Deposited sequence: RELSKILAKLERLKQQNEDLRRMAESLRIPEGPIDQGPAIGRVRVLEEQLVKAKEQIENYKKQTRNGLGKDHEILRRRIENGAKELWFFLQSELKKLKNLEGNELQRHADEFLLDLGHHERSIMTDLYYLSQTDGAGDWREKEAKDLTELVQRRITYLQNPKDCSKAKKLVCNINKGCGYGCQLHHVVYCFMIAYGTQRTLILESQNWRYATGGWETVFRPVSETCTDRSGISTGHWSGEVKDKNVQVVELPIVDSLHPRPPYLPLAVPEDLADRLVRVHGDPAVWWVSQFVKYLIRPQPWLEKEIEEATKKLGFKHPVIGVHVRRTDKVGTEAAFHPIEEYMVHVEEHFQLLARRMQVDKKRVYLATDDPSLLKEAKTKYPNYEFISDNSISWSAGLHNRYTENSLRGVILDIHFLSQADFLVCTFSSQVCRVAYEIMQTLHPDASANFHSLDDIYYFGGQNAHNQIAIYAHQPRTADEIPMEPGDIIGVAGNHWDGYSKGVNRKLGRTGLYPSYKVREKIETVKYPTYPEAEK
């Protein structure tokens, strides 16, 4: 079993049991207070609970590493990504470009960099699913006159032209089985939708992925992000020089403030709380925050309000134009130990996706002030109720074990919101009473890549 594994499991269990003893006793006392005394005691109660809750979280972290688990998870995550990158690379580099099935993707969607990048990711996932080589059209790119390849590696070494014996607009994989070159539109108008879309995961990888990673959907998205953003040597060098110039070092928490309005304190409470967690398992000499924002006055405000934090930020005037800022910001957010921001932002999502490629399982190393993780155009995100729920208020929905719940969001207060598809009712339910429903799709497995 492992002595440390057993010691830690029992200490998590006893720690939670002592938490419950404490909760019952203190809540019973809180019932008899009022006014200011009630607030004093409730606030002390909260402070005590936080440290206690973090000791449980710290033991759970140690449990995840103990008795070789950390090393095994790292090796397996490495094997999985090398497997997928090998398949993508095999698909992308046919020997005869003239006879390859192709899918043509135009990068120049009318939106920002993160949205354009996710459009290429969506093209790539469908190309992978249909066994078509992705051809990326990037001329007249707003972010770089020379196009994609002046900044990132070409998505193929052997096949970058869209020539073929037959060309057509996407009409479905079977309908298109004999069209060599298929042009794919933006996801918003895609008809018919193939199954090769988030949040599903390939069947042949699903079992291994669940063993390794807490959100396989994001891991799967991130393999395509990883391949796409292979940087040219000069950009790799620029990122290296910025790291030294900015003093970007660990531990560091990334904060992306996109401008509902959220005040800086709403981000920073989660920053501080995560640094308290980290201090239980490592020495934190300086609390470093990488701040990405489109508000030029926010940086000054953060430094003044949090003088014990070192705020690192990118105020690049030139390279050593907006493309420079977004690349550096996404890079440093993705490299942080924890990410605080609103997943409604594509930039925040991109950083979180890239972060998955830097650790065996970074799925939980974020806090979003609004949305849960999603991919624009994804199929319905469903959960499965595991425990019954009886609504206490009219804003809550009932659940029985097995009910399919279409989740709209997590309110980060103990409750989530969604629709109970068995009942046709929408409302609030306790977040702990459902589990994620991992969707799978039969993808090609490209055995020839091995």
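Gaps between the deposited sequence and the modelled structure occur at positions 1-67, 327-334, 396-404, 535.
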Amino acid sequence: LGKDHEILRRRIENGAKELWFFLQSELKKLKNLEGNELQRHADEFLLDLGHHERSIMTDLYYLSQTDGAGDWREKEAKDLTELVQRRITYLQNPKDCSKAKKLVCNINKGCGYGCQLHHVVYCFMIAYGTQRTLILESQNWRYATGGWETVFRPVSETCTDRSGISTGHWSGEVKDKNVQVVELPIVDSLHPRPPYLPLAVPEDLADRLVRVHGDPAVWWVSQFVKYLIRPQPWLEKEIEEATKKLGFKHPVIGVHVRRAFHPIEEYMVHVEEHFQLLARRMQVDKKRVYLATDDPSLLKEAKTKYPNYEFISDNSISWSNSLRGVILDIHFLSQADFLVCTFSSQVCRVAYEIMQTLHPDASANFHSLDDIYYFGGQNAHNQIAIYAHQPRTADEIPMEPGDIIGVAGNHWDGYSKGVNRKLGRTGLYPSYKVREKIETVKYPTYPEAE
From here on, numbers count along this sequence of modelled residues.
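Just so we're on the same page, rigid core means the largest C-alpha set that superposes within 1.5 Å between forms.
Stretch comparison, 85-93 versus 147-155: after rigid core superposition, larger RMS CA deviation in 6 other deposited structures of this protein is found for 147-155.
The higher RMS C-alpha distance to the shown form in 6 other deposited structures of this protein, out of 137-145 and 209-217, belongs to 137-145, with every structure fitted on the core. The question of which stretch, 362-370 or 119-127, has the higher mean Cα B factor is settled in favour of 119-127. If you average the C-alpha B-factors over 183-191 and over 212-220, the higher value belongs to 183-191.
The PDB entry assigns its highest CA temperature factor, among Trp72, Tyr196, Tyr352, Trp141, to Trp141. Per the deposited coordinates, the residue with the largest Cα temperature factor out of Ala206, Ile330, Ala336, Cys97 is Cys97. Ranked by Cα temperature factor within the chain, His270 sits in the lowest third according to the deposited record.
Among the modelled residues of its chain, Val84 has a C-alpha B-factor that falls in the middle third, as given in the PDB entry. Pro447 sits in the highest third of its chain by CA B factor, as recorded in the PDB entry. In the deposited entry, the Cα temperature factor of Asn36 places it in the highest third of its chain's modelled residues. Ranked within its chain, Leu278 lands in the lowest third, by CA B factor from the PDB record.
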